[PDB]
Amino acid sequence: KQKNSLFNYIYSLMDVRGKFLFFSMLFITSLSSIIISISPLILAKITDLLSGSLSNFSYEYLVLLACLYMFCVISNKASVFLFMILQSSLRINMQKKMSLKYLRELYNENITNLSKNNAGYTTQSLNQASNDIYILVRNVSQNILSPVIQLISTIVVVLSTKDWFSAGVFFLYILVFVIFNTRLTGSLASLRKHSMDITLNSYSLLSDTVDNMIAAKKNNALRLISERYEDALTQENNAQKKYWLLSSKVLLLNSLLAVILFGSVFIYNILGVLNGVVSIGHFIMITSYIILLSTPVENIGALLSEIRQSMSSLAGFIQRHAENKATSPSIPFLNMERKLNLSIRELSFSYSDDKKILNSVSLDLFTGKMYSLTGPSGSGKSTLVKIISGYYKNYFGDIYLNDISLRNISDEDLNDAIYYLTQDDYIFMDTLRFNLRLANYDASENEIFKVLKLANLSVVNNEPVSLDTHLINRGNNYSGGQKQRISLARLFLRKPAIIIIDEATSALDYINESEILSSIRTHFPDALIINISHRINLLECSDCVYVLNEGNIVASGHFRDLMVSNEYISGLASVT
Amino acid sequence: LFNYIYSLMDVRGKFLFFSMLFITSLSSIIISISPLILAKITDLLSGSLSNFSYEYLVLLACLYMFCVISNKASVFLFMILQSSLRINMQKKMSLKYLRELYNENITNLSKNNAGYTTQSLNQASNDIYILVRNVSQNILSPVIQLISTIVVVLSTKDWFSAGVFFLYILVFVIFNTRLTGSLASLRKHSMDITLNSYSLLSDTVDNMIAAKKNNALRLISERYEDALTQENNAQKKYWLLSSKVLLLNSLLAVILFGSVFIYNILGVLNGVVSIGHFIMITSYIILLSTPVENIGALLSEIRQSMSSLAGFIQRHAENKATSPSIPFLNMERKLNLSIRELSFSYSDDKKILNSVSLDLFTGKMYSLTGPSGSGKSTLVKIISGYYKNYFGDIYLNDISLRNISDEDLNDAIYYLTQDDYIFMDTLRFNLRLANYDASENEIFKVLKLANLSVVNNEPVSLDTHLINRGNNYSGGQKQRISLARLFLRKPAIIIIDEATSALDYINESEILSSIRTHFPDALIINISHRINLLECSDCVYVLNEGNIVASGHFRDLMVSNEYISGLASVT
Ligand SMILES: CCCCCCCCC/C=C\CCCCCCC(=O)OC[C@@H](COP(=O)(O)OC[C@H](O)CO)OC(=O)CCCC/C=C/CCCCCCCCC
Ligand SMILES: Nc1ncnc2c1ncn2[C@@H]1O[C@H](COP(=O)(O)OP(=O)(O)NP(=O)(O)O)[C@@H](O)[C@H]1O
Ligand SMILES: Nc1ncnc2c1ncn2[C@@H]1O[C@H](COP(=O)(O)OP(=O)(O)NP(=O)(O)O)[C@@H](O)[C@H]1O
Ligand SMILES: [Mg+2]
Ligand SMILES: [Mg+2]
């Protein structure tokens, strides 16, 4: 079932130019194997014409024979050069389509599955898959028809000259070969997959160490960092050496078998020539076939190995990138109301198992009102808003948005209705313009600059901020607060019903914090605002405060009614 | 360059490399006899065909088989040694890179992402591979086969054949070297665009959640599709030149060797040339393709893998200022900080620190505040030796920062960064980052002081597996990992850059209490917008647009300064 899907996926990556280049590669490889299977006869015809006659033969016929042999050799090499030219053209062709499909496949993945591995891993995963496709494209376009043509014609012709021992031992070899190799192909594929996986693990650890280099540098941790990479590389070498040995054994055994079987056919025809039983022409033909047969034998060996091993390694890739999907019913044409109310009913959640993060959160929130959510680090404020923001769908209980459940809301509509301002910032290495166009693609130069004022990012160090400001990796080109302001500026281009601010202002000064938080309520008057904070002034300003403790909502109501009643908020209101 | 590749080979590596060179050379000696054995077989065919002529034909046919067998055994043996050598050189290459990356400056490290550095290793490893190959295979072997050919064809006194043969190698080596550089430049430029593309993929994948939640598939996809289009165009430009060189080299071979074939045909038809010699000549024409091909590779591959490997050494061994350092410095337990007229720019375009003049002392806690963009982080980063391109001076008990080794500075100062850097590993590993030699107990002791010894009424295990960017943990729990690291370290200066923002008053005050307890003589710089730290400090410093605008006690500043007055009014 998955075998059919694999080849259909490779075929789909080929546009019209791609399909021609692939069939041209198959044709040229097939045509040249026809032509080169003629050449051992030409050689035999040259040999007899000369053998016996004492320079008494048609010199014009020898020239015609020698020219035909040359045509064979020239056309076969022209074919090799033409195949590799078409091969690289098809690699280039299929490359772009493959890479975009990956990015688009990664975008449609769930946050839980995305978080599982880093960039180093996903980057090298594409690498392996691309190469796996390449191998499969090659093995199909080159090692299917061509070795069959050359092996069929060889037994047909040697059978025609009524040499039974030669054609016999020849057919015996292809039989013993195809059996022996298939009986060891899977054993190689498993050893190769396990290696390639360890290789991913190693690239994963390199990107992890390089992304956190400053930390390792400042803690003078070269030894600790170096040793855990050195361990990964040692796991890589050992996995590679295990493949190497099996690969080397198969090659040595296949070589020894060829020497024993084809060596006998060579000795047999030598004795046949010495006892006048066999002609020299025929002896040269059998000699010519023994030599010619190596490349189709090689191309079969390759196909049996390469097709199975690249199909195994490519199977594993398609699995960890298209699998994780529960159901998701969604609504066909939903046009959400400008005013939305949130109703969380007996919400329960666990990230893993054994430990529950949200016990039975029951809340009811309404349009145009600001609410504060607080609790100790580990209560699950972020978790709760993440679930409201559709990060996770594996939850017990229900969440409504004006009668409509979250389960029946499309991820596109949900993201248009709600805007979550994350605890950590996500700044793209690009222009400031690009980082803001993330929020709204169709936004004009003015709409974007207007938004900079709202996020207090229109002027930095008495200088006007350019929309063409290049932003370094993780936006570390900008201050902690300036990073927060990028993410805040995004909100102003968006048009949501619910606005979640998860400690999204923590890096800002008292002036900026208040001005932006003011601009949010001004710009979005009907927006329901959930605010996560450990600070009394941010809790004070809200229409109602909710205290989360160990998964359950322990206290509700006005801040003043809570600053003495509740154990946590009294703990906050310890200062002053 | 070649010394760097050679250095990557241990004793087993050097054997495997020389075995590859030897076997490649030996097989080219053996296979260069081959056209003469074919000639002798053609000679015998036009003879008497006596018992002895038949026996001689067989012994001859066996020698040609030995040639063909030994040449193929050599191919199989070479590829076996090549993969063994790849495996061998692989580890040594990769660690040298990581160790080279560790010794790089923060400014240069920040320039490119992991996607880029990961694929940069990929390209260089492959460039080494190619070079190892072209040297071990395409130098002695084609020379042997080309020399013996002209020598033998010259011996049989065929001047036109040996003439046009020598003419071909001459026209070939000239034509190709004329186009090699043009190919290398087109290939390097392509490989660089390839890095740019991997860089954009890792940038997009690392910030996927952001792009997902902003329904930005179109903007994200478009950006990558543009990069891929820049990649294809750069690749197609190489492809065309590569394809043209190959077709022109093929057309030259057809014209030159085709003439040698027609000449010897006419020589055979006019009784001038024997059939035995005519075979030997076509046998030499056919044999010559592989050494011509290996020279075609050597010429083109050695140049293009040297160009792209030159670039890799340039960007990974340069941009070093000076650093005079100190031989054996054993820093005093008590250190005072003296910043005198400090000025700094990141990109010279704008000044970030105007003329910061400060003086700080042992066992005293100081607070630094100001608006976002004033330069609090910048200043402490310079104190922490992140940057060295600064005007003015910074002392540490008479000793200047400029004369302090980055290792000693990192032992004297401990900077708790604005953003957290959690390693995807065990909690144990994240804490062992601070001190390698730390025992299981020293590490658990530190978990208590960090307020991380219990999470959700459950005891925290040192074997807790931490996901990419530590997103397996809460904002505050992340901050606590970085804080726990400080307790394994032994510094004189402790900088806390908004390192407790994600913590509530209780824990913020509780951890900051255990810091002062465990590090009594430590000078503490605290960057905070909150007041529960500013009020706790022995002195407050207000930074505004690069210059230090206010000093003294917090209470004396919420009277004098409007910024400190307004900040305190948030009660
Ligand atoms: C003139 C000479 C030209 C060359 C000759 C070409 C012959 C090609 C032979 C290719 C495949 C044959 C099958 C290989 C498995 C045999 C090993 C064997 O014992 O296999 C037992 C199983 C099938 O093998 P498998 O599970 O895949 O694992 C292989 C492993 O060796 C289990 O232990 O079934 C049978 O016993 C039935 C076998 C018959 C199936 C098909 C026959 C078609 C005949 C040829 C037509 C196949 C189509 C391709 C070629 C036209
Ligand atoms: N991805 C994750 N996998 C497993 N557990 C997690 C994950 N993220 C968070 N947790 C745990 O769930 C608990 C609550 O996490 P979270 O919702 O981030 O917290 P919080 O209450 O908002 N804390 P804080 O923002 O730091 O003040 C913590 O004890 C975390 O360790
Ligand atoms: N790596 C960098 N490259 C270029 N400019 C930078 C860099 N880091 C900081 N800046 C700029 O320097 C100024 C101050 O940066 P920084 O020292 O982080 O700030 P801050 O005043 O401490 N702000 P904050 O901690 O976020 O509230 C800002 O205008 C930044 O854009
Ligand atoms: Mg949180
Ligand atoms: Mg800062």
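Going by Swiss-Prot, the residues shown for chain A are 4-579, listed in order.
Keep in mind that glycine also has a Cβ here, set from the backbone N, Cα and C atoms.
DSSP assigns A:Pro379 (ATP binding site) to coil, not to a helix or a strand. Every protein chain shown contributes to the tally, and the Cβ of A:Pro379 (ATP binding site) ends up with 21 other Cβ atoms within 10 Å. Residues annotated as ATP binding site in Swiss-Prot, with sequence analysis given as evidence: A:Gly378, A:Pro379, A:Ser380, A:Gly381, A:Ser382, A:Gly383, A:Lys384, A:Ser385.
The domain 'ABC transmembrane type-1' annotation in Swiss-Prot covers A:25-312.
Positions annotated as domain 'ABC transporter' by Swiss-Prot: A:345-578.
Among the features that Swiss-Prot reports, transmembrane segment is placed at A:25-45 (among others). Cβ atoms under 8 Å from those of the transmembrane segment (A:25-45) belong to residues 17, 68, 71-72, 74-76, 78-79, 82-83, 85-86, 89-90, 93, 140, 143-145, 147-150, 152-153, 156-157, 160, 288, 291-292, 295, 299 of the same chain, restricted to positions at least 6 beyond its ends.
According to Swiss-Prot, the transmembrane segment annotation covers A:66-86 (among others), on the basis of sequence analysis.
Distant neighbours of the transmembrane segment (A:143-163): 25, 28-29, 32-33, 35-37, 39-40, 43-44, 86, 90, 169-170, 173-174, 177, 288-289, 292, 295-296, 298-300, 302-303, 305-306, 309-310; these residues of the same chain sit at least 6 beyond its ends, with a Cβ under 8 Å from one of its Cβ atoms. The transmembrane segment annotation in Swiss-Prot covers A:143-163 (among others) and is backed by sequence analysis.
Distant neighbours of the transmembrane segment (A:167-187): 154, 157-158, 161, 249, 253, 256-257, 260-261, 264-265, 267-268, 271-272, 289, 292, 296, 300, 303-304, 307-308; these residues of the same chain sit at least 6 beyond its ends, with a Cβ under 8 Å from one of its Cβ atoms. Under the heading transmembrane segment, Swiss-Prot lists A:167-187 (among others), citing sequence analysis as support.
Residues or ranges marked as transmembrane segment by Swiss-Prot: A:261-281 (among others).
The annotation transmembrane segment is assigned in Swiss-Prot to A:286-306 (among others) on the grounds of sequence analysis.
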Study note, to complete from the structure: Those binding-site residues in A:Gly378, A:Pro379, A:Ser385 passing the chain B Cβ proximity test, under 8 Å, are A:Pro379, A:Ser385
Revision key, fill the gap. Counting only residues at least 6 beyond its ends, the same-chain positions whose CB falls under 8 A of a CB in the transmembrane segment (A:66-86) are 28, 31-32, 34-35, 38-39, 41-42, 45-46, 48-49, 52, 145
Review point. Across all chains shown, how many C-beta atoms besides its own are within 10 angstroms of the C-beta of A:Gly378 (ATP binding site)?
Key: 24
Study note, to complete from the structure: Sorting the binding-site residues A:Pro379, A:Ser380, A:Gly383, A:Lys384, A:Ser385 by sequence and keeping only those with a Cβ under 6 Å from ligand 4 gives A:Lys384, A:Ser385
Check your understanding: Using a 10 Å radius around each Cβ and counting other Cβ atoms from all shown chains, which of the binding-site residues A:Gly381, A:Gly383 yields the largest count?
Key -> A:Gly383
Point to revise | Listed binding-site residues with Cβ under 6 Å from ligand 2, out of A:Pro379, A:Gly383, A:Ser385 | key: A:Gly383, A:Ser385
